[PDB]
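Let me begin by presenting the structure, written as structure tokens, before commenting on it.
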Amino acid sequence: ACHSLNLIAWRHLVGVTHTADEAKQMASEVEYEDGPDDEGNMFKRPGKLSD
Amino acid sequence: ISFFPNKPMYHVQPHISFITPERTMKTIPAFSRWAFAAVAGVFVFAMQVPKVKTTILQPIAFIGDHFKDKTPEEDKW
């Protein structure tokens, strides 16, 4: 809620505390920004395993 | 006709400087052994390259167990 850990990726957890499917399912919940598209714009996308 | 008339059991042979055939016939095993040693060293220094492992090492029996990947279904993302 208050601290940040912006140096550990989702893929860092598979094999240490989670499996690939569990990590992917957990990461799909959160949302991220995914660059421009067509006529510029800034949209949102579901999370991936490399964020 | 003969190099030494008093002893016909003496014949000169083709050469360049000292590269006479007998010397090379003596030398050949040294070249074979040196080439084998060089091949063994090259094979030793490249036993962890993935292509070598997946082409040569694994199909070899007994030792092939060691040079595998043992990670279960939890693997690369």
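In peptide A:16-24, how many Cβ atoms from other protein chains are near each Cβ within 10 Å, on average? Numbers along the way, then the final one.
Numbers: counts 1, 0, 1, 4, 5, 2, 1, 2, 1.
What the average comes to for A:16-24 is 2.
Taking the convex hull of the alpha carbon positions in the protein assembly as shown and averaging its projected area over all directions gives 21.1 nm². Extending 7 Å from Cα along the Cβ direction at B:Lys68 and again at B:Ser17 yields two label points whose distance is 5.7 nm.
Computed across chain A, the Kirkwood hydrodynamic radius from all distinct Cα-Cα pairs reaches 12.4 Å.
If we count other beta carbons within 10 Å of each Cβ, what is the order of B:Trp34, A:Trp10, B:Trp77, fewest first?
On the way: B:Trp34 10, A:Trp10 19, B:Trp77 15.
Ranked by crowding around the Cβ, least crowded first: B:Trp34, B:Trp77, A:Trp10.
Between B:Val52, B:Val44, B:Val12, the Gaussian network model of chain B with springs among Cα atoms under 10 angstrom shows the greatest mean-square fluctuation at B:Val12. Decide, for chain B, between rounded, prolate and oblate: order the square roots of the alpha carbon gyration tensor eigenvalues as a ≥ b ≥ c, take rounded if a/c falls under 1.5, and otherwise choose prolate if a/b is larger than b/c, else oblate. Because a/c hits 1.5 or more and a/b exceeds b/c, chain B counts as prolate. Taken about its Cα centre, chain B carries a charge dipole of roughly 500 debye when the Cβ of each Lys and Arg holds +1 and the Cβ of each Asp and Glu holds -1. Pairs of Cα atoms nearer than 8 Å and 6+ residues apart set the relative contact order; for chain A it is 35 percent.
Structure remark: mean-square fluctuation, Gaussian network model of chain B, C-alpha springs under 10 Å; the largest value among B:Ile60, B:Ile16, B:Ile28 belongs to B:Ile16. If you count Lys pairs in the protein assembly as shown whose Cα atoms are under 15 Å apart, skipping same-chain pairs closer than 8 places in sequence, the total is 6.
Put +1 on the Cβ of each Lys and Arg and -1 on the Cβ of each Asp and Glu in chain B; which of B:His11, B:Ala38, B:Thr55 then has its Cα farthest toward the positive end of the dipole? Of the candidates, B:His11 comes out farthest on the positive side.
Put in order of Cβ neighbour count within 10 Å, fewest first, the listed residues B:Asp69, A:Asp51 become B:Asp69, A:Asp51. Considering only B:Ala38, B:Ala46, B:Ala61, the mean-square fluctuation computed in a Gaussian network model of chain B, springs between alpha carbons under 10 angstrom, is largest for B:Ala61.
Cβ coordinates were reconstructed from backbone atoms using ideal geometry, including for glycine residues, and neighbour counts include every protein chain displayed. Values in this text are rule-based calculations from the coordinates and carry no lab data.
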